[PDB]
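In: no sequence on hand, only this structure:
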Ligand SMILES: Nc1ccn([C@@H]2O[C@H](COP(=O)(O)OP(=O)(O)OP(=O)(O)O)[C@@H](O)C2(F)F)c(=O)n1
Ligand SMILES: Nc1ccn([C@@H]2O[C@H](COP(=O)(O)OP(=O)(O)OP(=O)(O)O)[C@@H](O)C2(F)F)c(=O)n1
Ligand SMILES: Nc1ccn([C@@H]2O[C@H](COP(=O)(O)OP(=O)(O)OP(=O)(O)O)[C@@H](O)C2(F)F)c(=O)n1
Ligand code: NA
Ligand code: NA
Ligand code: NA
């Protein structure tokens, strides 16, 4: 049984929600019992997003195998239960890096190395590597058709369609159908022009996904069909929705999955979207409303905390609570004080690097601890929680991380190599990425929530809890809730004289989904609801 | 059984021989017992070529039904036995004229008349009119893909393909694969770029006909296939050939007809190209060689006399004579004299309008008559022969046509409505177009050549033989060999004291084919051979 | 005074002679006293041609500074006296390698690295780096407009034109104007379509260079001007020529350099092409004809020996001898013997790597030595000359290079590190690239020819003459003619019991020009003429 490919392209504009559309379609196909996966081809030159700023790119998503990937793989894992790996995301940078190394080494045997066939072959190889052994592979092409950056990807998939054959390949193209106030009509002209552009590259689209701020009526869909060599039933309306969880239903409603199953000769039962219907229901029917403050340094781009924002949303679903997420610049806490943290039912400090706004986060963790306001700290959120406690409870003056103040007396957070005590005494592979097992301390808040002794979560951090200064903070009342490895590194801390205070080193947001939620975020949003009642 | 359409387009350059290629492919399909026709879509604004100079776009071809058409319909009739009519040729001018007519009187009922759907509908309607009731319809699109003028034709046939279905429609695209001396290789890049241009208008070609001055090798055909979404077997080499009669064989040897019959699900036997093999054999195995002078006013563009040139070649085939056609400017006969008519084994004066170079043709007819050199006069060629005899034998000094000298004493050639005698006395559907019956005189040369009392030949002329001055020329020894209609108009004249001197009003070149030849031209070339032997 | 840029692009096909056209125009501009340079932007992914096979790419050209570059820089140095360096040639591979290293390091400070601005900025930087400090910079863009591979280069130079301003930038675009036999006309349609393609990328061409097998007449140039927004005087005909040395004259004849000087506001005297007129004259008026055999392993692509073929041509100019260059596969000498070396007035064995066909070259050097046939050996040509002599005169059985037979008893050629004697005894930065001074032995044939004690030539070789086995070959009659460095490496050898036998380690072909010739190649072709007389 041959692997089938759906090549997903975008026209007219970016910000179409190509990832969500691909993820939603994969959700439908998975709900028909098909083995489905998705991969993201990014046209940027970065070898991977490891070097990309949260404020410019958005969050670096981390897979089980510890790959640093586009945040779209977050969308993928939140819509299908197939696990993403390094094989599900690559950049132009990776491809050119691959080919350059093969070339300098001498693997091409004196050949002229060319965009075709050498760059295109490298792209095709990685697509087959990620795709083979599945029923359907959705291959999302980053960039916009008509731009320079995506042309090698478009040429590569054109070749793949011919080689594999059109019996097992489809081209799905997203376009913008914008509304004009003047005439009160949605416009098909950009779709007409975008399809000609895609054809000029050698690709006849099979399916058109028409993005608009409203439903694309039958007349406009018929016009698109007429001009684009596409049957009317293969022209799909995908309007702006109040919830992305509705998109699987909207696509199924227009028979998109039936068309795909027919084209690929797949006999599978009707999509059971009951789990998505349940999610849509939960979201539309909240009993309470809470305001949770996310206090961090990358707030000028919310996508910097994409998976965190979505994990809070999933916590809301499982408690039937509407979570009003307030983004509060941690630097504003330094400037204007803890008055901007007033009127919050809970507080979350997410991950980050660099000292800018960290003193604000330390002040925020203090305010949360002293006023019994529910707190969740992720990576840097655990660091500022340990610093706050060490500094203000265990009386370790100016206790900090070596990342921020390298020569500080009390480096409560530092690299395993840098570990020292207050007198400068020492003991007799630095970056941690991906899935690692963590042992939960018995009778701990997290042990209850996770409802198991051992959990698996994903790391992306360099700086650890200094084990040499740990005992002095433990004696001062702080509780180690979780540990991992032969080195017994601190994964989770708690403040037990508090309604809900948890802080973890790993990124729990990367394992949270709308359907299965997350124990930690469920507990956090519950505690936020309970706090809101007591006022 | 549904009618099948092959849309024949050209890329890179014009002058690819789109007509000869379509005609040659039609010849193969006809040899497999298929009911095949061809039609030409011309992007020029002329409502028809009736108002076009011969030196402009070539000869005006005339069908049986008296349609003035593109010379390509000459190629069609010389390659298939299916007769051409008005509905096998239309222009942009014709389409716009019909739509404007319908619009001005109010057929469109207050609608905005647009390129789509109104112009494209009109194009499709005329394609179905000429096509339906055949197995395979070849639709030649004039102009080059990428130009403005052919876009409405290309959009129209794109729509037809979708409507009729790809089960019964193919796109056959000719390109130039030019040779570069610098590198000693033929170049596929223009084909690559032309196919992207054709795709950008919404048409994926199914077959590529690669024109070059030599065979397009396997490597180049594979490269074209790789880049153009076309299977290797549908990439056809059409090199420059010494004889166009070989082209059906070249295309068949690459399985083009097999691919078409498979795609259209037509169960028909292998093509028997015996009739074309015979024509090729005749042409390659001549016994004698003759030089025939064609003395006219349009020699600067040979295609002005396309059908006449081919008729002479068909004459050669039937006699196993190799005909060297020497094009001689009739104005050079006026200036330099009969010196340039020496060394000719026969003389042909073809049709034309306007007085420029006519006196040279009259001088030429005289030279051919007085020196007993075989003479064939067509339309104007007959006028100048009558003028010659009237002026130099019947002693009617300054005898001319009213076309050239309206106020001449002896208008031996004039419109029926101008007919007057030498004293200015008179007697008591001006334009004659298409097939008309002609009665042949019992003791005439043509009666024995045609071997029938009545014949059918095609007219395109206004100015007739003046019947009022005819009997005076008849008494001077001129034979009337043929007449027609109620008004007994002179169709053929002969000089009986001469080896071979014939001149007709009609265009015998339009019914001459390479396979069936033509009685008159067969006779004329025989006389040219006989004259050559006697010298 | 601002540096002016002429961006030279190609359309329709490659193999237009973009390099020759750019080089020829630079020659004219240099002849007006302007400081002119040229650079080649190659779209291949190879970081440089160092790793490219001669049989696939052609020769690796070597500049003074020891850069391995496209053979086009050979054309540049043979048309202008400005010296080429690493700065005058770079690939897509170099640009992507630059950007990837900056990115991984962290030079982009967390930015998304994109084709625009990061790849385009890298291209612009290298163009400015090679261009600045000249009056006019010709920037040759490799690939064909309309292809994927050159788009980053085209976008980069589009930006440069806007930034620098159109007062100091011109776009010069080459196209093919092919001849069609059928109509007997050259076709402007590909030029029309190529200019639209270039405009679609954001570039309005200022100058059109029309390549054809004949002159492009005024009517066709006027048609190109009409459709392309280019004045008729900026549409240049560049027909196929029997000599590339004529091209400067043909371009000046059409005022190309006047237009450029006007557009860039350069007041400079009329181009003095006297040196080119002298070269054209010399070439057109040979007194003798010689047949020189070039016996090597890369003969299936003559461009593998591009600069060698041209150096022989320049030798012909300086002696007024027509050099008939016969390419003889050295492997055919192994198969069919020295019978295929019969009827040669001289023999040249050029550079190469690998053992394939080397035994044929050793046999060829023997035949040349024994029969007193003039011999020139370049790099591998010196190796096979030293091997032949050592093996057949000094009686060193199976004497070879360590490159070919690593464990041979007499490694007469080997790396400086590998150097051993016949008993395996040894003495108590391997690749040599670019200009190195060489000391010529007094009373040597080369000392006479070069007419100086010290010469500067360019190296590209790993394997040296083994100094430990040298004395035994010297005693056997062989003469060291040139040496270099502190290690006193053998640069040139001679056989003094021979009319003309020279072999050098360096590549003299890279310093040979049509105007100034080359002492060594002048001497070689002279000796070939003298040998031809004695028969
Ligand atoms: N390839 C094409 C397609 C169409 N048109 C012409 O496009 C014209 C209609 O222009 P509109 O109303 O702006 O476009 P719409 O298609 O209705 O798309 P929208 O949904 O954005 O309104 C017709 O005259 C035409 F003639 F149909 C054209 O000239 N060439
Ligand atoms: N769509 C395309 C197609 C090709 N190429 C690039 O085109 C380059 C080859 O250039 P050539 O030799 O002039 O083209 P050819 O295809 O061999 O066609 P011809 O038969 O006319 O010679 C490759 O580096 C490439 F990379 F393959 C490209 O960049 N984009
Ligand atoms: N952008 C354009 C340009 C031209 N044409 C149409 O192109 C037609 C002429 O077609 P040809 O004779 O093949 O082209 P040529 O320009 O003479 O170029 P060549 O030198 O290759 O012969 C006109 O009817 C037209 F109308 F002028 C067009 O439709 N759109
Ligand atoms: Na509209
Ligand atoms: Na090529
Ligand atoms: Na033309």
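Out: Sure thing, it's come through. Residues are numbered from 1 along each chain as shown, chains lettered A, B, ... in the order given. Ligands and ions are numbered 1, 2, ... in the order given.
In: would you confirm that residue A:367 contacts residue A:339?
Out: No - under the criterion of Cβ atoms under 8 Å, residue A:367 makes no contact with residue A:339, lying 10.1 Å away. (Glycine included, C-beta is placed from N, CA and C.)
In: higher neighbour count, the two?
Out: When neighbours are counted by other Cβ atoms under 10 Å in any protein chain shown, residue A:367 and residue A:339 differ, and residue A:367 comes out ahead with 21 against 9.
In: quick one: the more buried one is in a strand?
Out: No - the assignment for residue A:367, made by DSSP: H, G, I helix; E, B strand; the rest coil, is helix rather than a strand.
In: what about the residue nearest to it when sequence neighbours are not counted, how many neighbours?
Out: Distances taken as Cβ to Cβ, 6 or more residues apart in numbering or on different chains put residue A:338 closest to residue A:367, at 4.5 Å, once the chain neighbours are dropped. Residue A:338 has 15 neighbours, counted by other Cβ under 10 Å.
In: what does the helix or strand hosting residue A:161 contact?
Out: Assessed by DSSP states H and E, residue A:161 sits inside helix A:151-164. Residues from elsewhere that reach helix A:151-164 (Cβ atoms under 8 Å, 6 or more residues apart in numbering or on different chains): A:2, A:5, A:7, A:9, A:41, A:43, A:92, A:95, A:115-116, A:119-120, A:123-124, A:127, A:139, A:141-143, A:145, A:169, A:171, A:198, A:201-203, B:226, B:229, C:148, C:151.
In: can you name the residues bridging to residue A:9?
Out: Beta-bridge pairing of residue A:9 under DSSP bridges involves residue A:173.
In: and it, what does it touch?
Out: A:141, A:145, A:150, A:154, A:171-174, A:198, A:203, A:205.
In: select from the residues you listed the one having the most neighbours.
Out: residue A:174 (29 neighbours).
In: beta partners for residue A:440?
Out: Residue A:440 has these beta-bridge partners by DSSP bridges: residue A:482.
In: tell me, how many residues neighbour it?
Out: A count of neighbours around residue A:440, defined by other Cβ under 10 Å, yields 22.
In: I'd say it and residue A:451 touch.
Out: No - look at residue A:440 against residue A:451 with Cβ under 8 Å: they stay out of range, at 9.9 Å.
In: pretty sure residue A:347 sits in a strand.
Out: Yes - Residue A:347: assigned to a strand according to three-state DSSP.
In: residues touching it, list them.
Out: Counting by Cβ under 8 Å, 6+ apart, residue A:347 has contacts A:292-293, A:295, A:341, A:364, A:367-368, A:373-376.
In: against residue C:188, how distant is the residue of the stretch 151-300 of chain A at minimum distance from chain C?
Out: As assessed by Cβ to the nearest Cβ, chain C sits closest to residue A:151 within the stretch 151-300 of chain A, at 4.5 Å. The spacing between residue A:151 and residue C:188, counted by Cβ to Cβ, to the nearest Å, is 28 Å.
In: so for the two, which residue has more residues nearby?
Out: Neighbours were tallied for residue A:151 and for residue C:188 using other Cβ under 10 Å; the higher tally belongs to residue C:188 (26 against 20).
In: OK, contacts around that one?
Out: Shown in contact with residue C:188 (Cβ under 8 Å, 6+ apart): C:177, C:220, C:223-224, C:227.
In: run the last query once more with 7 Å
Out: Shown in contact with residue C:188 (Cβ atoms under 7 Å, 6 or more residues apart in numbering or on different chains): C:177, C:220, C:223-224.
In: now residue A:248
Out: Residue A:248 touches A:24, A:27-28, A:273, A:276, counting by Cβ under 7 Å, 6+ apart.
In: 10 Å instead?
Out: By Cβ atoms under 10 Å, 6 or more residues apart in numbering or on different chains, residue A:248 lies in contact with A:23-31, A:79, A:256-257, A:271, A:273, A:275-277, A:279-280.
In: distance of it from residue A:509?
Out: Distance from residue A:248 to residue A:509, by Cβ to Cβ: 22 Å.
In: would you list the phi and psi of the residue nearest in space to the middle of chain A?
Out: Centre of chain A computed as the mean C-alpha position; nearest residue by Cα atoms, centre = their mean is residue A:74, 3.1 Å away. Main-chain torsions, residue A:74, degrees, to the nearest 10: phi -60, psi -50.
In: that one contacts residue A:84, correct?
Out: Yes - with contact defined as Cβ atoms under 10 Å, residue A:74 reaches residue A:84; the gap is 8.8 Å.
In: got any residues that touch both of these two?
Out: Shared contacts of residue A:74 and residue A:84, counting by Cβ under 10 Å, 6+ apart, come down to A:61-63, A:510.
In: tabulate those (CSV), appending distance to residue C:429.
Out: Shown next, in CSV, are the shared contacts of residue A:74 and residue A:84 (distance: Cβ to Cβ, whole Å):
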residue, distance to residue C:429
A:61, 46
A:62, 44
A:63, 44
A:510, 50
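In: quick one: which of those is nearest residue C:461?
Out: For the shared contacts of residue A:74 and residue A:84, the residue nearest residue C:461 by Cβ to Cβ is residue A:63; the value is 49.3 Å.
In: for that closest one, which non-adjacent residue is closest in space?
Out: Nearest non-adjacent residue to residue A:63, counting by Cβ to Cβ, 6+ apart: residue A:84, 4.7 Å away.
In: in contact with that neighbour, which residues?
Out: Contact analysis of residue A:84 by Cβ under 10 Å, 6+ apart lists A:37-40, A:61-65, A:67, A:69, A:72-74, A:76-77, A:130, A:510.
In: before we move on, back to that, from the contacts of residue A:9, which is closest to residue A:532?
Out: Checking these against residue A:532 with Cβ to Cβ, the nearest one is residue A:174 at 40.2 Å.
In: how close does the closest one get to residue A:160?
Out: Using Cβ to Cβ, one gets 19 Å for the distance from residue A:174 to residue A:160.
In: over to residue A:483?
Out: Separation of residue A:483 from residue A:160 (Cβ to Cβ) stands at 47 Å.
In: more neighbours: these two, which one.
Out: Between residue A:483 and residue A:160, residue A:160 has the larger neighbour count (other Cβ under 10 Å), namely 21 against 18.
In: what about the residue of chain A found nearest chain B, how many residues close to it?
Out: When scored by Cβ to the nearest Cβ, chain A has residue A:200 as its residue closest to chain B, at 3.8 Å. For residue A:200, the neighbour count with other Cβ under 10 Å is 18.
In: so it touches residue B:197, yeah?
Out: Yes - the pair residue A:200 and residue B:197 qualifies as a contact (Cβ under 10 Å) at a distance of 7.6 Å.
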